[PDB]
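Peer 1: no sequence for this one, just the structure:
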Ligand SMILES: CC/C=C\C/C=C\C/C=C\CCCCCCCC(=O)O
Ligand SMILES: N[C@@H]1[C@@H](O)[C@H](O)[C@@H](COP(=O)(O)O)O[C@@H]1O
């Protein structure tokens, strides 16, 4: 049910990422570089296991998980969180919990583009990714 998300995607638009990073306590110098970075995200499956790679000239991450099963994660900004990824309304919903805080990373396909919505506190960031062949 995750198959249309699979593949290699590149960032082509970003709105409010600085607000999102600042809400998470990311320092100004990291926000500055991040605001000019265009990651490539690779989403692959093997059976029930998804692997999500985020690559860039700055930070790089990789997670593997089963939908609906909690996993430990250490984020690009070094938060140690408890995570779960599920499908909800056709959207891939990633919830991170740490210190009583929460953030969601929600991916949906709209007109063939992958729209990533990042919410923490009041901050709502929308990042648009485009396929790669
Ligand atoms: C690996 C991500 C690459 C570049 C971004 C660099 C620093 C971002 C700063 C804080 C990380 C916040 C949590 C992760 C955001 C991922 C956004 C995305 O996948 O587009
Ligand atoms: N295992 C950790 C990750 O949990 C953390 O996310 C990352 C920070 O980002 P970067 O690797 O780009 O420094 O360092 C390691 O790879």
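Peer 2: The structure has been received and is ready for your questions. Numbers count the residues shown, from 1 in each chain. Ligands and ions are numbered 1, 2, ... in the order given.
Peer 1: for the residue of the chain most remote from its centre, phi and psi?
Peer 2: For the chain, the largest distance from the centre (C-alpha atoms, centre = their mean) belongs to residue 47, which lies 21.2 Å off. When read as degrees, to the nearest 10, the backbone of residue 47 gives phi 60, psi -130.
Peer 1: From ligand 1, how far off is it?
Peer 2: Taking C-beta to the nearest ligand atom, to the nearest Å as the measure, residue 47 falls 24 Å from ligand 1. Where C-beta positions appear, they are placed from N, C-alpha and C, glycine not excepted.
Peer 1: Quick check, central residue of this protein?
Peer 2: By C-alpha atoms, centre = their mean, the most central residue of the chain is residue 105, 5.1 Å off.
Peer 1: Quick check, that residue in contact with residue 118.
Peer 2: Yes - with contacts counted by C-beta atoms under 8 Å, residue 105 reaches residue 118, the gap being 5.6 Å.
Peer 1: circling back to that earlier point, so the residue nearest to the centre of the chain, which of the three states?
Peer 2: Secondary structure state of residue 105, per DSSP: H, G, I helix; E, B strand; the rest coil, is strand.
Peer 1: What helix or strand is residue 62 located in?
Peer 2: Here residue 62 sits within strand 61-66, counting by DSSP states H and E.
Peer 1: quick one, helices of the chain?
Peer 2: Ranges of helices in the chain, per DSSP state H, are 17-23, 28-34.
Peer 1: ok so, going back, report the beta-bridge partner residues of the residue nearest to the centre of the chain.
Peer 2: In this entry, residue 105 is beta-bridged to residue 94, residue 118, by DSSP bridges.
Peer 1: ok, it to ligand 2 distance?
Peer 2: Per C-beta to the nearest ligand atom, residue 105 is found 14 Å from ligand 2.
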